[PDB]
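For neighbour counting, all protein chains shown are included, and Cβ atoms are generated from backbone atoms with ideal geometry for every residue, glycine included. No lab work stands behind these numbers, since they all come straight from the coordinates.
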């Protein structure tokens, strides 16, 4: 508050919170190799209207064929990032494998349909993972022609995401099942023209779409990570299967469901988790917090302080002293006392007193301070009285207590050069 | 110093946006202060009409005694009043008698309570030991003497 | 509230400077104003008395108006009716960042101040304020209110026990009109309701996205890498700050409204209670013979003894 | 006020939370309070 002379009272200052200690990582003991080197190096890579689909289940996803390769035509993560990729344990990411010409990579996004990605393989608009692409002009694109693989280019309109028809429809623009060569009656089959000396926009790009089915269970596929041990009643760190964070753990009290993991109690804040190795544990993430607010008597009398904490039980707080867990990490600072009731909490530096002065500095809930003490409160000038009937007083002296009264009849007449 | 046309102005507009919300916040909070300050200012004019142009008989309104006078003095941005109050300070002890039951009829006094039944001597005021010889105008013809609590005879 | 915590985001707040400090300055001063409200509304008499518990004065019983000390709590019964009537839609520990902090003035002490005023107003002199009390027996007191309503004292003593019934049944009709009854309590309900509305609105604003990929912290920090992070984080923080700042603005407006009514509250604990507030259609809707306090959650309920004359003569002039 | 006819502007307005709800509520209660004021100032009369 920028003064040497500062007056008396609870003055606000910054936060306080408790640093976590442990590093709880709870992954299942699922240990496996993904079909990654199987899918991205397959002997089979189909067309786009006949797009391959693969579920990836119960693996340990290394993401280590990913980062050390210059082979990739488009190593690009759209709604996600490449580097924070093994940070969560997944349930059934989905590879979508197909052979395109050399220009459909731009034509693959949330959006960016064109004709090929709207007549052969339709994309979503909410959940994304990563697209991976490469060329295989040295095996597939034979300069004599590789007319083996095809695409479709005639249909009544657009599509919904992740949806496929193998049906070679001999198209006519109002139904009408034709035999080509009839009028407006063709077949949608169209070769790829894949030569070894073919153009750059004509290259056979074996392209995989990755959808990331993001945690619709206690999941399966982790990354190369290290599950650790549980702690209760202590603020620790997290990284669960699709969760992270910082909190205080205790067991649950649910009617918990078999498909279920989360609790979001008041709104969207998860507040109870099922451990991936069969435990039911509430996650009270408020480790402890509130703001410090210094009691000081005014520096014409003292430099003796007391640090009033707020959302505290004074039990992890003496710990946060003597395990050094307070983020206002204090140097010259002991544990003289710990007055704690009136559930506003921890008052390091005053004492329980019944001698009730006029309540100088009002503390938290009813408690007040003096000298330094912190009693509760005098209610006022107590009186024992017995109002009988005829007995009546009338004053015969007085005073004229001229008091102040202070009424601010203007503020500073201000103005702003909003042009300056 | 490194300005281009476009993206530099986008940063500038970020500053304009922040400064503008901040200033507009300042405006709005000033206006809040203005509303609070003007309710109080109306109070100040109100008190200077009541307390200063006269004696505001409504009690503990100007002064925290009973407001005998008041005195304004100016100040930067505000004003300070000096309340000439009235705080009584002493005590008697006497009995009461709500009537003056003299001839069999009751006499409720002057309404303005406590007939001085300090040995039924007189009738006194609200706030000082202020005796009155009981006569034709210390009371009135008030029914007859039936629901009295006190009897005061020898009214001559 | 903004920035539950991860790491980046405190620095990203401090990119906007002292804004957390301004908010807490505001809400702290607000809280201090509520303390002031509770003081200047409530802490109006030093000279607190004993609850005298004679509880019958001429004929005039304050049954359940006062607390009754043989109960466990020293609350009056009507307060408790009010407590159970008002809905509310170890430590209180959220992590929405929010706290309904407890008051200074503890609810028993709230009740003690109110009930003390009940006592010393029912007892202890119409002269009440400058001084302490002057031993005045409550029939002289509301007889003095008859003198301040423009009539004699004949109307008191010759109607005395009648008046008793006329009051006391009325009190019990109060205990009619308050027990199973209805929304003639509405304004404090509105206060707590708007608190819940603004507050739950503010919570849902944390659930509110501001155009970002997620609407929650650290799930963004499941799938981000770089500046994109602080892009959507700054979108979040400005949106959450606008929401929170609109909140602070409106709380301040609520403070303004609530303190105008609190000026009224101390005003009617002064002018209506401590003497006769001779102004007209002010305390109740009659002539204000008396009025009493009642403690309440977040507020107060006054108890206005009006005086409603209703018959007809017709006489020539 | 904010986009009358749209597809996208309604969608992005949904993306900004319950703003509109609060605004409707606030001005509505403002309206309601002025009607309250209209009762409060004027309508004191028992018998017209």
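Mean projection of the alpha-carbon convex hull of chain A over all orientations, in nm²? Walk me through the numbers before you get to the answer.
On the way: hull surface 172.9 nm².
Answer in nm², one decimal: 43.2.
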Fewest-first ordering of C:140, D:48, B:48 by Cβ atoms within 10 Å yields D:48, B:48, C:140
The Cα extents of the stretch A:1-72 along the principal axes, largest first and rounded to whole Å, are 80, 30, 26
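By the gyration tensor of its Cα atoms, with a ≥ b ≥ c the square roots of the eigenvalues, what is the shape of the stretch C:190-317: rounded for a/c under 1.5, prolate for a/b over b/c, or oblate?
In terms of gyration-tensor shape, prolate.
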Of the convex hull drawn through the C-alpha atoms of the stretch A:104-220, the volume per residue in Å³ is 147
Where a ≥ b ≥ c are root eigenvalues of the Cα gyration tensor, a/c under 1.5 meaning rounded, otherwise prolate if a/b exceeds b/c and oblate otherwise, the stretch A:52-91 counts as prolate
With Cα coordinates, the longest principal axis of chain D makes an angle with the long axis of helix D:19-41, in degrees rounded to 10, of 10
Cα convex hull volume per residue for chain B, in Å³, equals 211
Simple spin-label estimate for residue C:108/residue A:8, 7 Å along Cα→Cβ, in nm, reads 2.7
Per the helix-only model, the protein assembly as shown has a calculated mean residue ellipticity at 222 nm (DSSP H runs of ≥4, -39500 (n - 2.57) each, divided over all residues, rounded to the nearest 500) of -8500 deg cm²/dmol
Computed over the stretch B:26-137, the relative contact order (Cα-Cα under 8 Å, seq sep at least six) in percent reads 12
From fewest to most C-beta neighbours within 10 Å, the residues B:77, B:67 line up as B:77, B:67
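Just to be sure I follow: if Rg is taken over the C-alpha atoms of the protein assembly as shown and Rh is the Kirkwood radius over the same atoms, what is Rg/Rh?
Expressed as Rg/Rh, it is 1.12.
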Taking a label point 7 Å from the Cα of residue A:153 along Cα-to-Cβ, the residues of the stretch A:159-199 whose backbone nitrogen sits under 14 Å from it are A:186-194
Over all directions, the stretch C:11-168 yields a Cα convex hull whose mean projected area in nm² is 14.9
Cβ density ranking, 10 Å radius, fewest first, applied to A:352, A:322, B:83 yields A:322, A:352, B:83
Per residue, the convex hull enclosing the Cα atoms of chain C spans a volume in Å³ of 186
With the 8 Å Cα cutoff and a minimum separation of six or more residues, the stretch A:238-314 has a relative contact order in percent of 24
Per-residue average of other protein chain Cβ atoms inside 10 Å, peptide A:250-262 -> 0
Working note, the stretch A:1-124: Cα radius of gyration (Å, one decimal) and Dmax (Å, whole number) are 24.6, 81
Note: C:104-116 gets an average of partner chain Cβ contacts (10 Å, Cβ to Cβ) equal to 3
Rounded to the nearest 10 degrees, the helix B:6-47 long axis (Cα) sits at an angle to the longest Cα principal axis of chain B of 20
Note: the stretch C:120-185 at 10 °C, 1.306 mPa s; Kirkwood Rh on alpha carbon pairs; Stokes-Einstein D in µm²/s works out to 115
In this structure, the FRET efficiency calculated for residue B:7 and residue C:225 from their beta-carbon separation, with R0 = 22 Å, to the nearest 0.05, is 0.55
Shielding of C:136-144 by other chains, given as the mean Cβ count within 10 Å, works out to 5
Mean projected area, convex hull of alpha-carbon positions in the stretch A:268-403, reported to one decimal in nm², is 17.4
